[PDB]
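Undergrad: Quick one: the structure is below, and I'll ask about it shortly.
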DNA sequence: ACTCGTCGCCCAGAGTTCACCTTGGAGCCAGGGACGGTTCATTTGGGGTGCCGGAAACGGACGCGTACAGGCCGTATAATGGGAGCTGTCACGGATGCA
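Numbering (PDB author numbering), first residue to last: 265 to 352.
What follows is the structure, given as structure tokens:
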């Protein structure tokens, strides 16, 4: 929003924004790497027809990325229950 | 004691060839119609036509609805590292990981 029709952000006011953005991206990556195990556990069930195990795994990672993007913690629900639908 | 089978013989004839009159014709030419292949006048019953009036089918154009086909999107107790594959060959020149 500030990029166009904003203000010239000083170093003090911009470094905080950059740091919190990087922290958020790092947290997203951490959650992805944590839930990859659920991804592979879910994807183990569709082998033997059509595609390969690695292809199924990568599709599971894509679904996990989508679920992480569309997750909502305010509902007070465990992440696996929501992510299973997207992975499937 | 004797003839009817068979021999020549003698005359009528007959149809045959020679060599004679007649007389129905083959053409042969002349002459004279009527007739039809031909030509030339009509003759107006009929073929023809161009054309748009124009009525109407018709073949397509055009604008606007409808239908499945394929595509995108989402489902909130929990669900967190995998099946498997069958391997009795022989030689061998050489790279290559560990000697």
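We put the beta carbon where it would ideally sit given N, CA and C, even for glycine.
1. Do residue 330 and residue 349 count as a contact pair if the criterion is CB distance below 7 angstroms?
2. When DSSP labels each residue in this structure, what does residue 267 get in the three-state scheme?
3. Quick check: what's the CA-CA separation for residue 265 versus residue 295?
4. Is residue 324 closer than 7 angstroms to residue 303 when the C-beta atoms are compared?
5. Exposed or buried, residue 273, counting other C-beta atoms within 10 Å across all chains shown (16 or more means buried)?
6. What separation, rounded to the nearest whole angstrom, lies between the Cα atoms of residue 340 and residue 285?
7. Report buried or exposed for residue 327, applying the criterion of at least 16 other Cβ atoms within 10 angstroms of its Cβ.
TA: Based on what the coordinates show:
1. Residue 349 sits at position 85 when you count from the first residue of the first chain. Residue 330 sits at position 66 when you count from the first residue of the first chain. In this structure, residue 330 does not lie closer than 7 angstroms to residue 349 by Cβ.
2. Reading the first chain from its first residue, position 3 is the one you call residue 267. The answer is coil: DSSP assigns residue 267 none of H, G, I, E or B.
3. Counting from 1 along the first chain, the entry for residue 265 is found at position 1. Counting from 1 along the first chain, the entry for residue 295 is found at position 31. Near 27 angstroms, if we compare the C-alpha coordinates of residue 295 and residue 265.
4. Residue numbering aside, residue 303 sits at position 39 when the first chain is read from its first letter. Residue numbering aside, residue 324 sits at position 60 when the first chain is read from its first letter. Taking 7 angstroms as the Cβ cut-off, residue 303 and residue 324 qualify as a contacting pair.
5. For the purposes of this step, residue 273 is identified with residue 9 of the first chain, where counting begins at 1. It counts as exposed.
6. Here the question's residue 340 lines up with position 76 in the first chain. Here the question's residue 285 lines up with position 21 in the first chain. So the two alpha carbons sit approximately 24 angstroms from each other.
7. Counted from its first residue, the first chain places residue 327 at position 63. Buried, since its Cβ has 16 or more Cβ neighbours within 10 Å.
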